[PDB]
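No hydrogens, no waters, no symmetry mates; every other heavy atom, side chains included, goes into these values. Counting starts at 1 for both ligands and their atoms, in listed order. Per chain, numbering begins at 1; letters A, B, ... match sequence-line order.
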2 protein chains.
Amino acid sequence: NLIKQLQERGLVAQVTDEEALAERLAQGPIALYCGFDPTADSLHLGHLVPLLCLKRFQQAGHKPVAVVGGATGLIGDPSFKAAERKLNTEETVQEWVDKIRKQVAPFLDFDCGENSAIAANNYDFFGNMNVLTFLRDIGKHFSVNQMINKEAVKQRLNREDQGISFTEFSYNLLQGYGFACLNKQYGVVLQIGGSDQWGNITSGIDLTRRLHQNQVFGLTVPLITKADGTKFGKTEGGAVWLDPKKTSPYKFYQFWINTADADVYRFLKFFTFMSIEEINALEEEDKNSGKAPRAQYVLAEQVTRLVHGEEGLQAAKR
Amino acid sequence: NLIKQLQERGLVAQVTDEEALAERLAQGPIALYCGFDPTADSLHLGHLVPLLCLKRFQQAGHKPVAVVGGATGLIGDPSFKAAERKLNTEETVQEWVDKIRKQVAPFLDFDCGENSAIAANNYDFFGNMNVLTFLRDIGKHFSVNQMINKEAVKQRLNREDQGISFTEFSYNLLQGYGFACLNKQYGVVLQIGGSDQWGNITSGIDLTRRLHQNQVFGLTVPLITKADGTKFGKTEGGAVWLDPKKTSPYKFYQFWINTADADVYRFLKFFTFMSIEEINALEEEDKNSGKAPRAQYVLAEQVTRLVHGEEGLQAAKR
Ligand SMILES: N[C@@H](Cc1ccc(OS(=O)(=O)O)cc1)C(=O)O
Ligand SMILES: N[C@@H](Cc1ccc(OS(=O)(=O)O)cc1)C(=O)O
Ligand code: NA
Ligand code: NA
Ligand code: NA
Ligand code: NA
């Protein structure tokens with residue numbers, strides 16, 4: 001039972017219909033997806049858990065689809081953000097799309113038969129779409145009354161000076177239509193993402209039902225939190241990037257070594273492919289050894305090799 | 001003084017900046033406009049006051065633009081409407097545009113040189129506009145906080161069974177953008193409409209300042225009411241259409257004959273080109289004649305010939 005195996009790692013925040021999805025996974029291979037927006041020229045550790053979950057699903061014989069947000073990255077996801085995102089130029093967004101497309105590739109298998117990974121660009125869903133087609137064919141299905149109650153944007157709708165553009169208010173419709181398109185064109189039945197994406201995923205489930213009368217599912221992975229409540233995934237006052245030109249393999253490895261004892265066994269479950277039994281045995285050995293814990297060393301080795309391969313790991317340890 | 005003379009006839013509900021507009025009108029001819037949506041294959045009495053005001057401005061030496069809503073008729077204006085409207089198909093709206101254009105034409109002079117009327121179709125503003133272009137270049141200028149506080153829609157935002165689609169919520173941006181386009185393409189500085197259009201007009205004034213840094217203006221004409229408080233422009237629970245195949249010249253004429261004494265002298269001011277002093281002298285006549293009022297007769301004769309021509313007036317009396 002794949003959902004139960006992910007639950008043992010703490011990797012399931014919410015599922016739209018856990019029993020129906022478990023029955024669907026049990027029937028054999030499905031196609032699933034996760035989206036990644038070009039907000040920078042690199043993904044960071046906030047993208048890593050869902051990216052590794054695509055690989056976990058592919059290991060269980062499902063077909064992962066990585067969607068790069070050519071269209072959505074021109075709009076900006078307001079979900080649980082206090083302030084409007086910078087509107088980037090088309091030329092800048094296109095350059096970041098290509099960089100992010102190359103970055104996701106190593107995490108998935110593009111050559112393993114029927115469940116080979118697919119990469120898609122949601123620009124394909126909107127590049128030929130007239131404004132009037134969007135507002136009518138998609139917009140008619142969205143209740144503004146329901147949109148203003150989505151937890152993801154509620155904080156933006158108190159004060160006008162802390163408010164939201166029509167631009168970012170529309171984002172929910174774009175990711176909603178993206179699910180309907182991936183279902184109709186690619187046979188995708190599951191979207192995963194961080195818990196912040198719950199409301200964008202359920203809009204897609206509801207819109208796919210409205211447009212196509214196909215039944216699809218949502219599953220969210222936790223936002224990564226530390227026992228001490230400080231922000232996860234910052235190094236010397238900036239993001240931990242997956243790009244070694246942005247965060248050196250050395251700085252990446254040192255980030256993992258510096259993990260708190262309270263966080264390290266959870267982080268092994270989130271960020272590595274070590275079995276639950278290996279992680280549980282490491283916890284016990286660290287508890288009943290008397291020496292300083294080695295969990296941090298293992299985590300730094302495992303994740304550094306995953307993101308930067310043996311070459312990056314030797315560069316970090318040189 | 002034009003605004004002053006319109007006020008004498010009861011034809012001015014609100015002006016956005018009366019002093020700055022009266023100054024512009026005194027300098028020389030301006031271009032102004034009023035929009036009509038293809039909600040049906042005909043205009044009705046709810047359209048007649050805005051249309052006659054377009055005519056009054058032209059007679060005063062200004063250049064009227066009659067905009068038919070080729071794009072906006074595909075979306076639907078929610079302003080002060082209790083309920084979401086039905087969508088029409090593109091092929092139907094196309095047909096209805098051509099019918100409304102033909103209905104509006106006779107009211108304006110397309111053959112008087114400088115101040116010749118223009119027929120415009122807002123489809124041209126959106127026909128080649130991609131959804132992402134709209135959301136970015138127009139949508140970034142709109143605060144959802146300000147939009148949900150517009151009087152025209154705020155009462156659709158209490159309960160979802162009385163709610164509003166993203167489609168109709170978007171209408172205000174399309175009309176806003178229409179003003180900006182007409183400003184840049186034709187030098188239009190004034191939009192007139194029914195009092196229901198105030199918020200649609202002010203979004204176009206604001207958007208025009210943001211896009212073009214030009215000051216433009218709005219003037220609303222009253223929604224016509226009966227002194228008895230009942231709905232104006234309904235005969236037998238239906239609309240009074242300007243199309244003689246929908247509302248016969250006879251029924252149209254009888255609608256005016258059956259005008260309340262408390263409405264007739266006010267309606268002579270709204271709907272005819274008689275002097276105030278002539279209408280006042282007619283009021284005097286009906287006051288102290290002993291006989292039946294002549295005013296409802298004069299109103300029926302004048303408005304039937306204005307709307308249906310001599311042929312219509314002859315058909316009304318048979
Ligand atoms: N909103 C996500 C990014 C994202 C991008 C594209 C997606 O694909 S679509 O086909 O559903 O649009 C989905 C999610 C974030 O901000 O992380
Ligand atoms: N909303 C108006 C109709 C309308 C139609 C077109 C207009 O032109 S535009 O260029 O501003 O779009 C303006 C107003 C009604 O419901 O009567
Ligand atoms: Na299962
Ligand atoms: Na944005
Ligand atoms: Na509508
Ligand atoms: Na308003």
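- Between B:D243 and B:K245 no salt bridge is recorded (no basic side-chain N to carboxylate O distance below 4.0 Å).
- In this structure, the side chain of B:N122 engages the main chain of B:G70 through a donor-acceptor pair within 3.5 Å.
- Close N/O approach between B:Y171 and ligand 2 is found [any backbone or side-chain N/O within under 3.5 Å].
- Scanning the protein for heavy atoms near atom 10 (O) of ligand 2, the closest one is B:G178 CA, 3.3 Å.
- Atoms of ligand 2 found under 4.0 Å from any heavy atom of B:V67, numbered from 1 in the order shown, are 8 (O), 10 (O).
- B:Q197 NE2, 3.6 Å is the protein heavy atom nearest to atom 15 (C) of ligand 2.
- Under the rule for a salt bridge (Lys or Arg N to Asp or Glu O under 4.0 Å), A:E160 has no partner lying at least two apart in sequence or in another chain.
- Counting only distances under 3.0 Å, and ignoring water, the protein N, O or S atoms around the Na ion (ligand 3) are A:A22 O.
- Note on ring orientation: taking the six-membered ring where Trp is involved, the planes of B:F271 and B:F267 are perpendicular (angle over 60°, cut-offs 30° and 60°).
- Ring geometry, B:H44 versus B:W241: the interplanar angle exceeds 60°, so the pair is classed perpendicular (tilted spans 30 to 60°).
- What sits closest to atom 7 (C) of ligand 2 on the protein, heavy atoms only, is B:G35 CA, 3.4 Å.
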Between B:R156 and B:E168, is a salt bridge (charged side-chain N to carboxylate O under 4.0 Å, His left out) present by the stated rule, with each step listed?
-> CA-CA 11 Å; B:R156 294 279 289 281; B:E168 288 192 353; 2.9 Å; yes
Report the C-alpha distance between B:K246 and B:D41 in whole Å, list the side-chain angles of each, state the deciding distance to 0.1 Å, and finish with yes or no for salt bridge (charged side-chain N to carboxylate O under 4.0 Å, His left out).
-> CA-CA 9 Å; B:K246 300 187 59 83; B:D41 61 332; 3.0 Å; yes
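- Scanning the protein for heavy atoms near atom 12 (O) of ligand 2, the closest one is B:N122 ND2, 2.7 Å.
- Proximity to B:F125 (heavy-atom distance under 4.0 Å) selects the following atoms of ligand 2: 10 (O).
- Shown in contact with B:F36 at under 4.0 Å from a heavy atom are these atoms of ligand 2, numbered in order with element: 4 (C), 5 (C).
- The nearest heavy-atom contact from the protein to atom 11 (O) of ligand 2 is B:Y33 OH, 2.8 Å.
- Applying the salt bridge (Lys or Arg N to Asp or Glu O under 4.0 Å) criterion to B:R101, with sequence neighbours excluded, gives no partner residue.
- In terms of protein heavy atoms, atom 16 (O) of ligand 2 is closest to B:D77 OD2, 3.2 Å.
- By the ring pair (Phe, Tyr, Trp, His ring centres under 6.0 Å) test, B:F126 pairs with B:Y177, sequence neighbours left out.
- Taking the six-membered ring where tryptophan is involved, the planes of A:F166 and A:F169 are tilted, since the angle between them lies from 30° to 60°.
- Within the cation-pi definition used here (under 6.0 Å to the ring centroid, within 45° of the axis), A:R56 qualifies as a partner of A:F273.
- Under 4.0 angstrom from ligand 2, the non-hydrogen atoms of B:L182 all belong to its side chain.
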